[PDB]
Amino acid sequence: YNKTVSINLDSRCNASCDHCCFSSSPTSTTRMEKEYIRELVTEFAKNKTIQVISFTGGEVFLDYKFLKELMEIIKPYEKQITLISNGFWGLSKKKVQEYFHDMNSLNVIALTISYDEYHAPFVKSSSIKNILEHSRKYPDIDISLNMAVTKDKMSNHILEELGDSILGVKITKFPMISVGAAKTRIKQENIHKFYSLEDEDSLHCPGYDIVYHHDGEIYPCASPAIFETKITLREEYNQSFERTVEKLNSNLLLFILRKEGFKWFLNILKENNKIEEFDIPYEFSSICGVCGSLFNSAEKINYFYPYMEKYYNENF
């Protein structure tokens, strides 16, 4: 898990989406210091094993001068970069031309644009079209359109109104993770339920991907669900990426989760009649929904400790 790394630059956003896992808004104050981010980016650019550095937020294009400065630190080291955005900047075709020219000269291999009914009150449809259309001139940048949907807001009209600008773009519609603003602003009956506590043989984490988050912590993945858990890989302020990777690979909870799946933790709670006590939901939109509910408090994580200790002595 040492070929890719992500930095969440800021919780500040121009939008205030009702589903946002971070509850991002123009008044969001959670972020790592700029100088600290410059040091992480310099270290990741100098690192011999890292191949891809991804930036996320918040809205990364909100402070474009700082994003371009971070992309320029990486440039001499020839690392690949990925970006994700709400495309607010697409309003001006000249601005789009400038940003695509910069991304192309700064080894940006992928750009994901998020647009759906939750993003629509904050960004015009025409702004997204401008970015999608200009991206045709840059075939080496992989373009994607991510649409977060609910049963009442399926984004069926958003796609029609995008017209032919979506031709050749990879579109993925996905359900909500019940975290951040989605917990309180969206009715749970509107969140699609694809999994239950009984089909445990399908609850396997897709894999680890290191994220240095805007709360100053380090997470083993970039799923919206992980940020509400107490699973952090940070032990000190100045921690190297080698140490982060060493901790990820020696974390007993994450090792058991990867090797045994969620059913190992769910069966412990069922055996000890702790499902109601831990507020484990019966149905969920995805596998990450189980993750968040198993580990979103220090009590929950610590609860598994003697069972994980028994696993370590028995195996290994």
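Residue numbers run from 1 along the displayed sequence.
**Q** Tell me which of 68-76 and 195-203 has the higher mean C-alpha B-factor in the deposited entry.
**A** It is 195-203 that shows the higher mean C-alpha B-factor.
**Q** Check the entry's C-alpha temperature factors for 281-289 and 50-58, then say which stretch has the higher mean.
**A** Comparing averages over the C-alpha atoms only gives 281-289.
**Q** Quick check for you: using the entry's CA B-factors within this chain, is residue 24 in the lowest, middle or highest third?
**A** It belongs to the middle third of the chain when residues are ordered by C-alpha B-factor.
**Q** Relative to the other modelled residues of the same chain, rank the CA B-factor of residue 121 and answer lowest, middle or highest third.
**A** It falls in the middle third of the chain.
**Q** Relative to the other modelled residues of the same chain, rank the CA B-factor of residue 228 and answer lowest, middle or highest third.
**A** Ranked within chain, residue 228 CA B lands in the middle tercile.
**Q** Rank-wise, by C-alpha B-factor, drop residue 81 into the lowest, middle or highest third of its chain.
**A** Lowest third, going by the recorded CA B-factors of the chain.
**Q** Can you tell me which third, lowest, middle or highest, the CA B-factor of residue 142 falls into for its chain?
**A** Middle third.
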